[PDB]
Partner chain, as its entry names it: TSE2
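Below, in structure tokens: the form solved without the partner chain, a single chain.
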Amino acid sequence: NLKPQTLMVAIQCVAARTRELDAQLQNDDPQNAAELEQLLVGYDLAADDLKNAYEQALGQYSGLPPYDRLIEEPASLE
């Protein structure tokens, strides 16, 4: 079983890549952006599966932050 710290890092990294790829779509060649757009739906499906696993972890383990905190866009970027 994956450790809760692992779930946290995965959640954070999938959220960060999703943001980074989204940010550049506007400038990207439309052909490329369209293909990324489809990859990014796949990222969101993965993100949902990770959330479900994390919610199970929140019922098992203490000392974990709320899900919405993990995926929050960092203040220094917004």
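Positions refer to the first chain, counted from 1. Only residues modelled in both forms are compared. We call the rigid core whatever largest set of C-alpha positions still superposes within 1.5 Å between the two forms.
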*Do the CA atoms of 38-46 or those of 23-31 have the higher mean B-factor in the entry?*
23-31
*Higher-scoring stretch by recorded Cα B factor average, 63-71 or 12-20*: 63-71
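The same protein also exists as the form solved in complex with the partner chain; that form is not shown, yet it is the one meant from here on.
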_Aligned on the rigid core, do the two forms place the Cα of residue 30 2 Å or more apart, comparing between this form and the one not shown?_
yes
*Segments of at least three residues whose Cα atoms shift by 2 Å or more between this form and the one not shown, after superposing on the rigid core*: 26-31
